[PDB]
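Q: For reference, the structure I am asking about is given below.
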Amino acid sequence: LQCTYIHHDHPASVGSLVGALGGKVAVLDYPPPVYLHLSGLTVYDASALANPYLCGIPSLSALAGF
RNA sequence: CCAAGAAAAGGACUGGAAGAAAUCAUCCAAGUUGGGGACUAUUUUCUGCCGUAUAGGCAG
């Protein structure tokens with residue numbers, strides 16, 4: 001599957017699994033293939049890590065929030 | 001009431017030295033473009049005079 005790795009400093013201080021994995025943990029990576037009407041909005045530095053398991057489109061819970 | 005709310009990666013640099021791609025080599029043969037035709041239409045430039053005068057100047 002498409003994936004990448006997230007690093008943790010001091011693995012022994014986070015948990016059994018993170019230590020066993022040497023501080024490198026794999027996650028999924030699935031980016032996109034790129035009435036009131038709001039046009040032209042720009043966002044700087046959005047969080048691309050939706051949940052600890054998946055990278056890609058920002059969490060939908062955040063848009064409902066907005 | 002947006003995995004909520006706040007965050008300065010900054011500083012210093014010297015990759016340099018030498019060099020030999022050459023020898024030969026043949027594109028040829030024939031070939032049929034071809035017969036017809038309204039640019040003048042509802043358009044404006046017409047009439048006298050000076051002067052040796054198709055020169056050169058003026059009144060309608």
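Following the order of the structure tokens, chains are lettered A, B, ..., residues in each are numbered from 1, and ligands are numbered from 1.
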Should the cut-off be 10 Å, what would the residue list for chain B against chain A look like, counting only C-alpha atoms (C1' of nucleotides), as a PyMOL selection string?
A: chain B and resi 1-3
Q: Identify all residues of chain A in helix (DSSP H, G or I) (DSSP on the backbone) and supply them as number ranges by chain.
A: A: 11-13, 16-20, 60-65
Q: Go ahead and write the residues just picked, C-alpha atoms, as a PDB file, in the first residue's frame.
A:
ATOM      1  CA  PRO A  11      10.967   5.662  21.553  1.00  0.00           C
ATOM      2  CA  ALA A  12      11.173   3.990  25.025  1.00  0.00           C
ATOM      3  CA  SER A  13       9.168   6.984  26.462  1.00  0.00           C
ATOM      4  CA  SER A  16       6.037  -1.063  23.350  1.00  0.00           C
ATOM      5  CA  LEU A  17       5.293  -0.811  19.614  1.00  0.00           C
ATOM      6  CA  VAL A  18       7.139   2.458  18.872  1.00  0.00           C
ATOM      7  CA  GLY A  19      10.234   1.124  20.663  1.00  0.00           C
ATOM      8  CA  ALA A  20      10.106  -2.217  18.807  1.00  0.00           C
ATOM      9  CA  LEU A  60     -13.702  16.239   7.343  1.00  0.00           C
ATOM     10  CA  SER A  61     -14.559  16.730  11.088  1.00  0.00           C
ATOM     11  CA  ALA A  62     -12.605  20.053  10.775  1.00  0.00           C
ATOM     12  CA  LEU A  63     -14.748  21.416   7.854  1.00  0.00           C
ATOM     13  CA  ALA A  64     -18.051  20.617   9.665  1.00  0.00           C
ATOM     14  CA  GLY A  65     -16.412  22.462  12.603  1.00  0.00           C
TER      15      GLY A  65
END
Q: Looking only at the backbone, which of the residues in chain A does DSSP tag as strand (DSSP E or B), as a list in words?
A: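 The residues of chain A classed as strand (DSSP E or B) are residues 3, 4, 5, 6, 7, 24, 25, 26, 27, 28, 29, 49, 50, 51, 54 and 55 of chain A.
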